[PDB]
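To be precise, the following lines are run-v7.cif, and they hold mmCIF, C-alpha atoms.
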data_coords
#
loop_
_atom_site.label_atom_id
_atom_site.label_comp_id
_atom_site.auth_asym_id
_atom_site.auth_seq_id
_atom_site.Cartn_x
_atom_site.Cartn_y
_atom_site.Cartn_z
CA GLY P 1 3.34 73.18 -59.51
CA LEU P 2 4.36 76.62 -58.23
CA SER P 3 7.22 78.65 -59.46
CA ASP P 4 10.10 79.64 -57.14
CA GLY P 5 8.55 83.17 -56.84
CA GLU P 6 5.18 81.69 -55.89
CA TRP P 7 6.68 79.43 -53.21
CA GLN P 8 8.50 82.46 -51.82
CA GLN P 9 5.19 84.34 -51.53
CA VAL P 10 3.55 81.29 -49.87
CA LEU P 11 6.27 81.04 -47.25
CA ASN P 12 6.31 84.79 -46.69
CA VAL P 13 2.59 84.70 -45.97
CA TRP P 14 3.16 81.65 -43.74
CA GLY P 15 5.45 83.83 -41.62
CA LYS P 16 2.29 85.76 -40.63
CA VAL P 17 0.65 82.59 -39.47
CA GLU P 18 3.77 81.48 -37.47
CA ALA P 19 3.69 84.70 -35.39
CA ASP P 20 0.52 83.33 -33.85
CA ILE P 21 -0.07 79.73 -34.92
CA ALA P 22 -2.57 78.75 -32.25
CA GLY P 23 -4.62 81.88 -32.91
CA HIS P 24 -4.64 81.40 -36.68
CA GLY P 25 -5.42 77.71 -36.22
CA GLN P 26 -8.37 78.50 -33.80
CA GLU P 27 -9.84 81.06 -36.17
CA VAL P 28 -9.48 78.81 -39.23
CA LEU P 29 -11.19 75.97 -37.43
CA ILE P 30 -13.92 78.15 -36.06
CA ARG P 31 -14.54 79.47 -39.61
CA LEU P 32 -14.73 75.82 -40.78
CA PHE P 33 -17.11 74.73 -38.07
CA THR P 34 -19.41 77.66 -38.21
CA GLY P 35 -19.58 77.81 -42.04
CA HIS P 36 -19.94 74.02 -42.35
CA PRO P 37 -21.43 72.47 -39.22
CA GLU P 38 -21.20 68.93 -40.67
CA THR P 39 -17.41 69.22 -40.24
CA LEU P 40 -17.70 69.56 -36.45
CA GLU P 41 -19.52 66.22 -36.18
CA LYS P 42 -16.33 64.55 -37.38
CA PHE P 43 -14.51 65.72 -34.18
CA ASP P 44 -15.65 63.66 -31.17
CA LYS P 45 -13.72 65.96 -28.99
CA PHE P 46 -15.25 69.26 -30.37
CA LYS P 47 -18.81 68.04 -30.91
CA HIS P 48 -19.76 69.35 -27.40
CA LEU P 49 -19.03 72.96 -28.65
CA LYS P 50 -22.45 74.43 -29.19
CA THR P 51 -21.74 78.15 -29.72
CA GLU P 52 -18.96 80.17 -31.20
CA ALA P 53 -18.26 81.53 -27.68
CA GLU P 54 -17.65 78.01 -26.45
CA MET P 55 -15.34 77.48 -29.50
CA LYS P 56 -13.37 80.62 -28.80
CA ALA P 57 -13.05 79.66 -25.10
CA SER P 58 -11.75 76.11 -25.83
CA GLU P 59 -8.07 75.77 -25.07
CA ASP P 60 -8.13 72.34 -26.56
CA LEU P 61 -9.40 73.82 -29.87
CA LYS P 62 -6.41 76.19 -29.93
CA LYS P 63 -4.11 73.24 -29.18
CA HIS P 64 -5.62 71.32 -32.16
CA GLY P 65 -5.18 74.47 -34.27
CA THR P 66 -1.50 74.38 -33.37
CA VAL P 67 -1.18 70.71 -34.36
CA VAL P 68 -3.09 71.14 -37.68
CA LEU P 69 -1.16 74.22 -38.81
CA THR P 70 2.15 72.88 -37.68
CA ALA P 71 1.55 69.87 -39.98
CA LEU P 72 0.45 72.12 -42.82
CA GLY P 73 3.37 74.48 -42.36
CA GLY P 74 5.93 71.68 -42.48
CA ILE P 75 4.31 70.42 -45.68
CA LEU P 76 4.39 73.86 -47.26
CA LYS P 77 8.05 74.26 -46.46
CA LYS P 78 8.72 71.18 -48.62
CA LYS P 79 7.58 73.28 -51.63
CA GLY P 80 5.67 70.34 -53.17
CA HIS P 81 8.28 67.61 -52.25
CA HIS P 82 5.99 66.35 -49.58
CA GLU P 83 5.08 62.76 -50.36
CA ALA P 84 6.50 61.29 -47.09
CA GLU P 85 4.57 63.89 -45.04
CA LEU P 86 1.41 64.00 -47.05
CA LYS P 87 0.74 60.32 -47.70
CA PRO P 88 0.23 59.41 -43.98
CA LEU P 89 -1.81 62.51 -43.42
CA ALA P 90 -4.13 61.55 -46.26
CA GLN P 91 -4.36 57.96 -45.15
CA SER P 92 -5.14 58.92 -41.56
CA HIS P 93 -7.87 61.26 -42.67
CA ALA P 94 -9.50 58.77 -45.05
CA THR P 95 -9.29 55.65 -42.93
CA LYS P 96 -9.56 56.91 -39.31
CA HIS P 97 -11.14 60.38 -39.45
CA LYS P 98 -13.41 59.82 -42.44
CA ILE P 99 -12.89 63.37 -43.85
CA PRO P 100 -14.34 63.92 -47.34
CA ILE P 101 -12.08 65.86 -49.68
CA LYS P 102 -14.69 68.64 -49.82
CA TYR P 103 -13.68 69.52 -46.21
CA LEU P 104 -10.20 70.32 -47.47
CA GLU P 105 -11.75 72.71 -50.02
CA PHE P 106 -13.73 74.25 -47.12
CA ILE P 107 -10.67 74.76 -44.92
CA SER P 108 -8.69 76.17 -47.89
CA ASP P 109 -11.41 78.84 -48.34
CA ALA P 110 -11.32 79.42 -44.55
CA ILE P 111 -7.51 80.01 -44.60
CA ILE P 112 -7.84 82.62 -47.30
CA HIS P 113 -10.66 84.31 -45.41
CA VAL P 114 -8.83 84.30 -42.09
CA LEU P 115 -5.66 85.68 -43.66
CA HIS P 116 -7.58 88.69 -45.04
CA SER P 117 -9.44 89.16 -41.76
CA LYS P 118 -6.25 89.15 -39.67
CA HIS P 119 -4.05 90.93 -42.21
CA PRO P 120 -6.29 93.33 -44.11
CA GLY P 121 -4.50 95.09 -46.89
CA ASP P 122 -1.39 93.03 -46.24
CA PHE P 123 -2.38 89.90 -48.26
CA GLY P 124 -2.19 91.17 -51.80
CA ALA P 125 -3.43 89.69 -55.03
CA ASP P 126 -0.11 88.00 -55.86
CA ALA P 127 0.19 86.49 -52.43
CA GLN P 128 -3.39 85.19 -52.45
CA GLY P 129 -2.79 83.63 -55.88
CA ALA P 130 0.33 81.82 -54.62
CA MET P 131 -1.25 80.63 -51.43
CA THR P 132 -4.29 79.37 -53.36
CA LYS P 133 -1.97 77.33 -55.62
CA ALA P 134 -0.19 75.79 -52.59
CA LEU P 135 -3.50 74.81 -50.97
CA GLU P 136 -4.84 73.40 -54.23
CA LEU P 137 -1.62 71.32 -54.63
CA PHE P 138 -2.02 70.01 -51.01
CA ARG P 139 -5.64 68.99 -51.50
CA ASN P 140 -5.05 67.58 -54.95
CA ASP P 141 -2.26 65.33 -53.67
CA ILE P 142 -4.44 64.26 -50.83
CA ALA P 143 -7.30 63.56 -53.41
CA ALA P 144 -4.90 61.23 -55.32
CA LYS P 145 -4.26 59.24 -52.14
CA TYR P 146 -8.01 59.05 -51.41
CA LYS P 147 -8.54 57.70 -54.94
CA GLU P 148 -5.98 54.97 -54.27
CA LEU P 149 -8.08 53.96 -51.20
CA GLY P 150 -11.40 54.34 -53.00
CA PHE P 151 -12.37 56.79 -50.27
CA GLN P 152 -15.30 59.13 -50.82
CA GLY P 153 -16.59 59.91 -47.30
#

Write the structure described by the file as structure tokens, please.
Amino acid sequence: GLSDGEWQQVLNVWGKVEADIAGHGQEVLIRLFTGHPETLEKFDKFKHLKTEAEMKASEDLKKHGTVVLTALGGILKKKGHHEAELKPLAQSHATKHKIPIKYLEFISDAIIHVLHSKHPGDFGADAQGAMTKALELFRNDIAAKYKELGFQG
């Protein structure tokens, strides 16, 4: 788990995201889709986006960014006591959306990148360590629910 000081760094960093949740969410998803184009094929409603300009110009992609980060932010604020929130999220992603756990590693990397890009010099080594722990905890709990389902991809 994370210590109290680590959770405090995670939620301090999350305050940066909440100042502009749709814009963080857009950029994180665009980083995901452009770095890993197989991820976009999972999204019937984003599969039409052929260029990064089209991605940036999609209001619906910003709206999804809002939904995705709002879910993540509520989970983070549980400081690891997140079973009731996380289990349905994992089950939805395995059974309906068919999202391999590797995509959660991809978006975790994208969050760290986007945080440095939007907050350069204001996301220090301690804060990156804490946020990395929180994202590992989230994906590892999701991975345990996928194992229950026997879900691979």

Work out how far CA of residue 43 in chain P is from CA of residue 26 in chain P, in Å to one decimal.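 A separation of 14.2 Å between them.
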
Tell me which protein, DNA and RNA residues are within 12 Å of residue 148 in chain P, counting all atoms listed in the file, leaving out same-chain ones fewer than 3 positions away, and put them as an mmCIF file with C-alpha atoms, in the coordinates of the input.
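result_17.cif written:
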data_model
loop_
_atom_site.group_PDB
_atom_site.id
_atom_site.type_symbol
_atom_site.label_atom_id
_atom_site.label_comp_id
_atom_site.auth_asym_id
_atom_site.auth_seq_id
_atom_site.Cartn_x
_atom_site.Cartn_y
_atom_site.Cartn_z
ATOM 1 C CA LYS P 87 0.740 60.320 -47.700
ATOM 2 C CA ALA P 90 -4.130 61.550 -46.260
ATOM 3 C CA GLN P 91 -4.360 57.960 -45.150
ATOM 4 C CA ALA P 94 -9.500 58.770 -45.050
ATOM 5 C CA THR P 95 -9.290 55.650 -42.930
ATOM 6 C CA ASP P 141 -2.260 65.330 -53.670
ATOM 7 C CA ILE P 142 -4.440 64.260 -50.830
ATOM 8 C CA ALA P 143 -7.300 63.560 -53.410
ATOM 9 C CA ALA P 144 -4.900 61.230 -55.320
ATOM 10 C CA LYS P 145 -4.260 59.240 -52.140
ATOM 11 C CA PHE P 151 -12.370 56.790 -50.270
ATOM 12 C CA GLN P 152 -15.300 59.130 -50.820
#

Going by the chain IDs and residue numbers used in this file, which residues fall under the PyMOL selection byres ((chain P and resi 5) around 12)? Write them as a PyMOL selection string. chain P and resi 1-4+6-12+79+126-127+129-131

Could you tell me which residues the PyMOL selection byres ((chain P and resi 63) around 10) grabs in this file, written as an MDAnalysis selection string? chainID P and resid 21:23 25:26 58:62 64:68

Output of the PyMOL selection byres ((chain P and resi 108) around 12), listed as a PyMOL selection string: chain P and resi 28-29+31-32+69+72+101-107+109-115+128+131-140

By how many Å are CA of residue 80 in chain P and CA of residue 14 in chain P apart? 14.9 Å

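With distances taken over all atoms listed in the file, P:30 is the one residue among P:78, P:30, P:71, P:16 lying closest to residue 57 in chain P.
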
Å distance separating CA of residue 15 in chain P from CA of residue 86 in chain P, one decimal place: 21.0 Å

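Comparing the minimum interatomic distances between residue 38 in chain P and each of P:99, P:17, P:125, P:75, counting only C-alpha atoms, we find that P:99 sits nearest.
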